[PDB]
């Protein structure tokens, strides 16, 4: 994809203010509460019995930190996105068998969360750039689906 220099500015400006730990924990926890079938893949996380238990399960928090850290590697290398997620594609596609449509549900949850953390700074143009980023990230992960 082509990235304009201003898209790159809206992605980088924003990223620097992100609390990765808290935003990652919130986003994973909302993926599991809002779309309950995703809980099937995290059977190893133990108790996901309630949203309240999901919210404070330490493996959901830890793991959340780690998925948002991957978003960061994309933010840093906006042009080598393929190589960055190539090993991740095989794990999610080949090993976990996650359908690519949950890759989209998760980036959409990220946008909602960054919106709730940035309020009005998350402008419609800022929204747009981030929507493209999650879409390109969702696309690099669905790629070993060939």
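Numbering follows the first chain given and starts at 1.
111-119 and 86-94 differ in mean CA B-factor, and the higher of the two is recorded for 86-94. Just going by the entry, 99-107 versus 40-48 on mean CA temperature factor gives the higher value to 40-48. Comparing C-alpha B-factors across 67, 59, 55, 27 in the deposited entry, the largest value falls on 55. When the modelled residues of the chain are ordered by C-alpha B-factor, residue 19 sits in the lowest third. Split the chain's modelled residues into thirds by C-alpha temperature factor. Residue 136 is in the middle one.
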